[PDB]
Number of protein chains: 4
Amino acid sequence: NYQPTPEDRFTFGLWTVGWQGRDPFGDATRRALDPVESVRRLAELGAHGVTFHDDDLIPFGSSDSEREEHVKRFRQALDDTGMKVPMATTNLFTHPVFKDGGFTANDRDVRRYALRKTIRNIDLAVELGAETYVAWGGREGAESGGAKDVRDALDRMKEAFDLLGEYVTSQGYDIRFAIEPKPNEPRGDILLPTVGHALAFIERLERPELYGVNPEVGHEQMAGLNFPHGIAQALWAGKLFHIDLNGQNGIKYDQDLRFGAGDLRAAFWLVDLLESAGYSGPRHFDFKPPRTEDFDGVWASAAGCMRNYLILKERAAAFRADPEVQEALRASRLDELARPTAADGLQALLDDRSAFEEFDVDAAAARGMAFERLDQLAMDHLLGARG
Amino acid sequence: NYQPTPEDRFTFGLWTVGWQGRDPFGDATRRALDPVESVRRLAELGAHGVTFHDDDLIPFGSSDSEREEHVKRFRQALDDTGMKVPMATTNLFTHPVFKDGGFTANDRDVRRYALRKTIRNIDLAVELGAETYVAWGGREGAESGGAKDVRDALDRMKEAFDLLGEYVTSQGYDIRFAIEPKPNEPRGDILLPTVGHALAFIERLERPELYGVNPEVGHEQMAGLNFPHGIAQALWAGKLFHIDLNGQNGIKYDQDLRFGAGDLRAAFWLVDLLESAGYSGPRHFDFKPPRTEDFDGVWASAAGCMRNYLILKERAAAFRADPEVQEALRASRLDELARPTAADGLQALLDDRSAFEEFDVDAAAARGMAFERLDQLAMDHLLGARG
Amino acid sequence: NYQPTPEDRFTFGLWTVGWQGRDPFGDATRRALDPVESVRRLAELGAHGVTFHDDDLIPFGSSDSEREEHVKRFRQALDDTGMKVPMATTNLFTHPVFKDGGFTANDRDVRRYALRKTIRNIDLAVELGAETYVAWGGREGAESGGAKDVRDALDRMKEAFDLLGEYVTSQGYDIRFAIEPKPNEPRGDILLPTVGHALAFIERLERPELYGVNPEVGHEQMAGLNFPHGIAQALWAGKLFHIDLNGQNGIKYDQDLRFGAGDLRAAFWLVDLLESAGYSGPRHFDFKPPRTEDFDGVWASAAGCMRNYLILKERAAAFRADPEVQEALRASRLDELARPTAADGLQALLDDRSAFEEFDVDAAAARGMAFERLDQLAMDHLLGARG
Amino acid sequence: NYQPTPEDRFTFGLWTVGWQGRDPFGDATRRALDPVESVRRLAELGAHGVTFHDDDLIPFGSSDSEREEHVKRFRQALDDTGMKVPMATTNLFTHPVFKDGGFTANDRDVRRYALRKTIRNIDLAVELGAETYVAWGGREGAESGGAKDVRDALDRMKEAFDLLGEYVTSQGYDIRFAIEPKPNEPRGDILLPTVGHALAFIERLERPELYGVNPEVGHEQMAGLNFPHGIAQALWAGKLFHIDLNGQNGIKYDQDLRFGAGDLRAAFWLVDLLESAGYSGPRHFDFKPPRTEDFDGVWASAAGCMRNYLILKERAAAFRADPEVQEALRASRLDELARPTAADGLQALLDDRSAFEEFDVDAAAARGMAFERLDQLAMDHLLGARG
Ligand SMILES: [Ca+2]
Ligand SMILES: [Ca+2]
Ligand SMILES: [Ca+2]
Ligand SMILES: [Ca+2]
Ligand SMILES: [Ca+2]
Ligand SMILES: [Ca+2]
Ligand SMILES: [Ca+2]
Ligand SMILES: [Ca+2]
Ligand SMILES: [Ca+2]
Ligand SMILES: [Ca+2]
Ligand SMILES: [Ca+2]
Ligand SMILES: [Ca+2]
Ligand SMILES: [Cl-]
Ligand SMILES: [Cl-]
Ligand SMILES: [Cl-]
Ligand SMILES: [Cl-]
Ligand SMILES: [Cl-]
Ligand SMILES: [Cl-]
Ligand SMILES: [Cl-]
Ligand SMILES: [Cl-]
Ligand SMILES: [Cl-]
Ligand SMILES: [Cl-]
Ligand SMILES: [Cl-]
Ligand SMILES: [Cl-]
Ligand SMILES: [Cl-]
Ligand SMILES: [Cl-]
Ligand SMILES: [Cl-]
Ligand SMILES: [Cl-]
Ligand SMILES: [Cl-]
Ligand SMILES: [Cl-]
Ligand SMILES: [Cl-]
Ligand SMILES: [Cl-]
Ligand SMILES: [Cl-]
Ligand SMILES: [Cl-]
Ligand SMILES: [Cl-]
Ligand SMILES: [Cl-]
Ligand SMILES: [Cl-]
Ligand SMILES: [Cl-]
Ligand SMILES: [Cl-]
Ligand SMILES: [Cl-]
Ligand SMILES: [Cl-]
Ligand SMILES: [Cl-]
Ligand SMILES: [Cl-]
Ligand SMILES: [Cl-]
Ligand SMILES: [Cl-]
Ligand SMILES: [Cl-]
Ligand SMILES: [Cl-]
Ligand SMILES: [Cl-]
Ligand SMILES: [Cl-]
Ligand SMILES: [Cl-]
Ligand SMILES: [Cl-]
Ligand SMILES: [Cl-]
Ligand SMILES: [Cl-]
Ligand SMILES: [Cl-]
Ligand SMILES: [Cl-]
Ligand SMILES: [Cl-]
Ligand SMILES: [Cl-]
Ligand SMILES: [Cl-]
Ligand SMILES: [Cl-]
Ligand SMILES: [Cl-]
Ligand SMILES: [Mn+2]
Ligand SMILES: [Mn+2]
Ligand SMILES: [Mn+2]
Ligand SMILES: [Mn+2]
Ligand SMILES: [Mn+2]
Ligand SMILES: [Mn+2]
Ligand SMILES: [Mn+2]
Ligand SMILES: [Mn+2]
């Protein structure tokens, strides 16, 4: 009955189930949650662990004594439940000081503060056992063209990530970074707007091996992109260090629906890919229970995230294992796609008259791809309609 | 009066002014143009040169004798006019054989044919003096999830680009490649959908120095992305080898409006950036005179491409040179954005109490960015409304 | 096994399965189909009937003798198979004469021709038994602001529809009109871009009772709108005279995927609504088998349209019939939504202190809507995962 | 120098310049403004007046004594400055009680409360001299399909608007209603998502003459629609009772940029249309000074709204008055578009062989529309580049 257990590696941000329901036009609809209660309730639902922004776990401006008490209580809840903390991150977007960015703020003093705030929380993340440190630069960008010279901003962004890499290397930490793209919101345009832009940026860092991406379903979908395709490119690059799962209904404000909502067929193809590729990282949900809901609805929404993942996992596995689907994949030449174009080499290709001079383009053109039959087998599997 | 001359490096594809006006629901509205007439008419408008797909210049399936005559006539028109050919490309999308791709077709024989067709035209491009060879893989992608394993497809795409790099190196050619992203159309989703994805992909090629991007205004805008931002990242990476200029009104079918149409403020910020950065490549238009137009409207539309570039160049230069704008840029701390965050180094940053322990976050937060005043100065400059 | 029969009222345009695969960048991939063969093959798949544009059935420019032979052969195929023709329409978009519109062309002579062409085909539609006459004004609109005064264009559009209403009334025909909205493509913006705009326009016609809408799934989705919501408003207005079913993956070019592809949850909620409302019209597919496919894939794609409708019908019916869902609907106050706000009347409402002075807004605010539990029951039903 | 005066009828919501800068991921960046200070500062900039939600002027939950003092101070500021209040509206979206809607909340008691809250503020609006009462039902809609039966919701929405019409008629008030569409945000989909849907809905109300639309630039643009086209349809229907002016960069979250920002050419064509049509209502700005700004930037942003309107007004007037543009409009047959298609009547059209039998479709098709020359004249006028 699609019941999650910790072995499924499902994780949730404190800020997800703890979202009080403030949106772009309305006040909170739910009380704040104590992180300890979220840990306990998520454990009861079969979660593996939780994640946090610094400021979710320790109220901004806490004294050292307050900070230690907040961490102590949280660690007791983790120990009580067996929950893990595989990932943490920094809040460089809520406080008004970050209104023009953290690492790419025009104000140099703000950039320095952003780095210090991040470094403090990296230490805590390591203490709590996190393997991955996410950076979502939600305030990095602009509403107008003159406000942000993007080459200068990318110089500053590279400088910041390089310094963080220097820091973790200097401390002997094993933690790695995962940069999270988003195309817009809260800035009119955000820097590193997609998986591609973040992958490209990482290749200019001094120690690129320390950085990957943390793609979020809804974020790539806010640019109308195909999330499974972007995940495939991240996997191809060896850079899928973490992932955020949720739902999004098209190009509009960031909805953060529970996973499986939004584009359900995209959710199916995503799970198919993660499972086929043997992705071994957390299945992390960055979602918002809608502000229509009370706390019972919060936990229902969270449970539904995990349930939908497990249903889609079953259906994708059944699809790939079905001999009729395997025959259809051959009919559509997916096997040929996985074979080298010219393992014979360039000169052999140039000398091969079957590749040009004597290639029957019309016969090749006439061969149907049989993709519709393949896709209706996929639909039948997804819907449990084989027959 | 914003009159273009060849020194402005404006170029046009044969397929642009030669577009007969077939769209997704209608037949041609204009006769085919002889490339020779397009060269002559573009030269008369002040163009610098022209570009071509193989199949624009030599009808598909031409005999060797026909091919030589087509090239001979074209070269006579170039010589007659002083027009150059700075870029050429391959048509790997029109012929039905490419219905599932060229370099990433599931059928291996089609992939081999795509490479042979490309190599043949690289030789011709070099003969005609082209410095850049564009590849727009418009058929690389999918309408459905099972049809295309994207990791396998990227393996094939890398194999193809690596072989082309091997080929140009083997012939001692100086030509470089420019990969053109597009998010969708004609495929439901296209591989390397944005500037970021193409930049990232290039970093996995064997000889990455031989490849850059050929971004198109409308294509990034079809993903709702900020084209000037993407161009800034391409410049930051040193990969803006070529550019396609046109207009697009938002997220919808690829309109290919004349440059300046569509998002006019984005056109202003693009020209500002290209000129500020000293981009030295062709200002190439990949546009379609709308099918409402007759041939007089074709040449009016082409002229308007160049006129709009020159108006925006004047206004951007005036903006940047205006002492009041320079003061506003300082007021908004664009100067600070261009200064290193921590040239003092990591340890100095960690030891700097002004960066954290004694940082007055509220005072920093209270400092307005003054971006609206800056942007209204930009608006006033664009519209010729200073005062 | 979700097998369609004619009693299901599934219909297809000749132009759908007959699409030769010309798209915005490529040549045909399939031969033209004889309408007679399409009728026979669709009947074999369990279709109820077919629809046509004038020019699909009778080649443009046919002599009277040719026209009679084309119609005679078609009527023999209908008689041979038991297929019906519930709807027909006019092609006012392919021929270059319609490059600026039919009914709202700037050229008056073109507007008059568009009306004559339409009237000729209304007569034929009636002859063949059609109850509904669709008008999709794909060329009505503009790429630029000065080209089309939209108030004048709406005057001309109203004049045209009024004349068609006068014509059918004058002939005693029972046929009604269904106006099909689309937001863009092939024009940069199309007039009457959504279901709302078409409904509003109908209310200004002289005989509004003769006109409804023909909404298409993909078209409303090209504006990022919720298709089930638009269908509900059309039903609410009593104007759902016909519908086009297909799939669309977001805001981009008009894909015309087979029904069930694209937004699958939107397809589920659409079928739920059509069945709940007792929509009695044709379940018509306006789709394109992708140009990757050969003719076997054409018929597979067509079959899949009908199969997906029948699967979703089963799952929606199961959802609505499930006592646990009925309890959840009460928990979410869907029953209360269907009860009048103030059947007691305005004065009673003003005098009701429980509605304001003594309304406990905080207690009301605290009541969760329980929408996530309801939606996960819907997801479970769709996926066949109850348990 | 494009200086606004009250005669220009520029108005601003209290909530616009008073926006404290809370967005979907961040805390306030500016202190709350006293409405009295906003009235004074807007008057100094040349504004004509201000608008308000009930809860902007009187803090939610105010005692009668507090309410009277808030109104008294506001009326003194209006009297001190000569500012008017042409429009008011209700906040049916901020308070958590409205989390599932006001007029279409599933909870009947909430619907009744929404009406009482609205009626109370209609009385105040009339007291303060407002001619128009706006309703933006930002919470009316859904995130999931089962949560909202849209036919039932439209029944409730009609009931609510009918009761408000009954109320204003019963009091002898001259005020009229303006319904504001928005496609999404804060709900996943909002009911009456576009100008078309709102126009259509109004035609089912008991007293349709009392209701028009209040279209907002950014809202129609969030559906990728052409705002000038939608305004033309509203004008055509005689329903443009009020308008909200601002900017939006494409399909994404509601940006509420200052007017002129976003789609600048759409702003030009909008002003051209409002001025050509003789729209006589307020030029109201519903905008947000970006949260990057301090209060000096708030007033700069507000000033820029009015400045951009006045620049575009000048350029549109110059365009329409230019004899070369008038010649181009004739060349493009805009004059013919404004002439009846068939004032001769249906029978004359049927009998006119020049309309069909003897219509030279090829000669008509060959006639270019000359739209590109016309549009480049428009561009030249907008940019002050004639020559
Ligand atoms: Ca409860
Ligand atoms: Ca292999
Ligand atoms: Ca072979
Ligand atoms: Ca002409
Ligand atoms: Ca510097
Ligand atoms: Ca210092
Ligand atoms: Ca076959
Ligand atoms: Ca009832
Ligand atoms: Ca009661
Ligand atoms: Ca200041
Ligand atoms: Ca007239
Ligand atoms: Ca005449
Ligand atoms: Cl898992
Ligand atoms: Cl709050
Ligand atoms: Cl609360
Ligand atoms: Cl509580
Ligand atoms: Cl310093
Ligand atoms: Cl980069
Ligand atoms: Cl790396
Ligand atoms: Cl990986
Ligand atoms: Cl959903
Ligand atoms: Cl999909
Ligand atoms: Cl709830
Ligand atoms: Cl709640
Ligand atoms: Cl130039
Ligand atoms: Cl053609
Ligand atoms: Cl022709
Ligand atoms: Cl001709
Ligand atoms: Cl072989
Ligand atoms: Cl990559
Ligand atoms: Cl490189
Ligand atoms: Cl470069
Ligand atoms: Cl434009
Ligand atoms: Cl811009
Ligand atoms: Cl023309
Ligand atoms: Cl033409
Ligand atoms: Cl049915
Ligand atoms: Cl063809
Ligand atoms: Cl063929
Ligand atoms: Cl064949
Ligand atoms: Cl006449
Ligand atoms: Cl209307
Ligand atoms: Cl009616
Ligand atoms: Cl109906
Ligand atoms: Cl799909
Ligand atoms: Cl849905
Ligand atoms: Cl096939
Ligand atoms: Cl084929
Ligand atoms: Cl005005
Ligand atoms: Cl706040
Ligand atoms: Cl503050
Ligand atoms: Cl202050
Ligand atoms: Cl009651
Ligand atoms: Cl309606
Ligand atoms: Cl009315
Ligand atoms: Cl009006
Ligand atoms: Cl802007
Ligand atoms: Cl425009
Ligand atoms: Cl400021
Ligand atoms: Cl501020
Ligand atoms: Mn998100
Ligand atoms: Mn995230
Ligand atoms: Mn293009
Ligand atoms: Mn291009
Ligand atoms: Mn369509
Ligand atoms: Mn259709
Ligand atoms: Mn807005
Ligand atoms: Mn508004």
Side-chain angles (χ1 to χ4, degrees), chain B residues 10-19 35 38-39 42 47-60 62 67 70-71 74 78 83-95 97-98 101-104 111 113-140 157 160-161 163-165 167-168 173-182 185-186 190-192 195 198 201-202 210-219 239-246 254 256 281-288, chain C residues 24-26:
Chain B
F10 294 126
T11 62
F12 292 83
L14 287 178
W15 69 90
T16 66
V17 293
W19 183 58
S38 295
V39 168
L42 287 171
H48 171 84
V50 278
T51 69
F52 68 97
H53 302 83
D54 54 353
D55 298 340
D56 296 330
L57 176 55
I58 302 133
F60 181 91
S62 289
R67 178 187 181 78
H70 284 289
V71 173
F74 182 66
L78 298 172
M83 290 273 281
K84 305 308 179 206
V85 181
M87 179 274 278
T89 186
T90 325
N91 188 321
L92 299 176
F93 48 87
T94 292
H95 193 288
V97 72
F98 298 126
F103 298 163
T104 74
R111 302 194 294 269
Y113 173 66
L115 280 163
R116 291 294 305 286
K117 188 176 194 288
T118 300
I119 287 165
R120 187 177 191 201
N121 200 53
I122 291 169
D123 291 341
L124 177 56
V126 168
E127 183 183 330
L128 291 169
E131 291 110 293
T132 302
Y133 200 86
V134 162
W136 172 57
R139 292 287 177 203
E140 317 311 316
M157 190 92 76
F161 280 108
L163 285 164
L164 294 177
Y167 179 69
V168 299
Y173 292 159
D174 292 321
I175 198 165
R176 301 181 306 175
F177 294 101
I179 297 171
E180 178 169 345
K182 187 181 190 182
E185 200 206 34
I190 292 170
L191 305 185
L192 311 186
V195 161
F201 171 80
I202 286 162
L210 295 183
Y211 314 81
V213 288
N214 184 49
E216 179 178 308
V217 173
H219 293 176
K239 296 298 196 181
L240 191 67
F241 284 13
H242 197 268
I243 196 168
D244 285 354
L245 303 170
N246 65 11
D254 183 34
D256 288 346
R283 278 63 175 177
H284 180 251
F285 301 102
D286 184 0
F287 89 112
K288 284 172 169 171
Chain C
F25 314 68

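In what follows, chains are A, B, ... by sequence order, proteins preceding strands, each numbered from 1.
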Next on the checklist: So which atom in B/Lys117 and which in B/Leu92 form the shortest heavy-atom distance, rounded to 0.1 Å?
Outcome noted: CD-CD2, 4.1 Å
Checklist entry - Given B/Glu185 and C/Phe25, is the side-chain contact (heavy atoms from CB on, under 4.5 Å) satisfied, shown in steps? => result CA-CA 8 Å; B/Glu185 200 206 34; C/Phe25 314 68; 3.4 Å; yes
Checklist entry - Is there a side-chain contact (heavy atoms from CB on, under 4.5 Å) between B/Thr51 and B/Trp15 once you walk through the steps? => result CA-CA 9 Å; B/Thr51 69; B/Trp15 69 90; 3.3 Å; yes
Item to check | Identified side-chain hydrogen bond (donor to acceptor under 3.5 Å, both in side chains) partner of B/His284 from the options B/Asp244, B/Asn214, B/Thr132, B/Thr11 | outcome: B/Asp244
Checklist entry - What's the verdict on side-chain hydrogen bond (donor to acceptor under 3.5 Å, both in side chains) for B/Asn246 and B/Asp286, showing C-alpha distance, side-chain angles and the deciding distance? => result CA-CA 6 Å; B/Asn246 65 11; B/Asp286 184 0; 5.6 Å; no
Checklist entry - Picking from B/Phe161, B/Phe201, B/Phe93, what satisfies ring pair (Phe, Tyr, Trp, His ring centres under 6.0 Å) with B/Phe103? => result B/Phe161
Checklist entry - Which pair of heavy atoms, one from B/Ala160 and one from B/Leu115, lies closest together, and at what distance? => result O-CD2, 3.7 Å
Checklist entry - Stepwise, does the side-chain contact (heavy atoms from CB on, under 4.5 Å) test hold for B/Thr16 with B/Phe285? => result CA-CA 8 Å; B/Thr16 66; B/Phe285 301 102; 5.9 Å; no
Item to check | Heavy-atom closest pair, residues B/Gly212 and B/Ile202 | outcome: O-CD1, 3.4 Å
Next on the checklist: To check you understand the geometry: which heavy-atom pair defines the closest contact between B/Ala130 and B/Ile175, and what is its length?
Outcome noted: O-CD1, 3.6 Å
Checklist entry - Charged N to carboxylate O below 4.0 Å: is that the case for B/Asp54 and B/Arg120? => result no
Checklist entry - Measuring from B/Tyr211:OH to B/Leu164:CG, what's the distance to the nearest 0.5 Å? => result 6.5 Å
Checklist entry - Can you tell me how far the CZ atom of B/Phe74 sits from the CE atom of B/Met83, to the nearest 0.5 Å? => result 8.0 Å
Checklist outcome for this item: Residues B/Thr89 and B/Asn121: closest non-hydrogen pair is O-ND2, 2.8 Å
Next on the checklist: Tell me the closest heavy-atom pair linking B/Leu57 and B/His70, and the distance in Å.
Outcome noted: O-CB, 3.6 Å
Item to check | Side-chain (B/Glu140) to main-chain (B/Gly102) donor-acceptor, under 3.5 angstrom | outcome: yes
Next on the checklist: Check for me whether the distance between the ring centres of B/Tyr113 and B/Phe98 falls short of 6.0 Å.
Outcome noted: yes
Next on the checklist: Could you walk me through whether B/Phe287 and B/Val17 satisfy the side-chain contact (heavy atoms from CB on, under 4.5 Å) test, starting with their C-alpha distance in whole Å, then the side-chain angles of each, then the deciding distance to 0.1 Å, before giving a yes or no?
Outcome noted: CA-CA 8 Å; B/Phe287 89 112; B/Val17 293; 4.2 Å; yes
Checklist entry - Taking atom CZ of B/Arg139 and atom NE2 of B/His95, what is their separation to the nearest 0.5 Å? => result 12.0 Å
Checklist entry - Is a side-chain donor or acceptor of B/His53 paired with a backbone partner of B/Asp55 at a separation under 3.5 angstrom? => result no
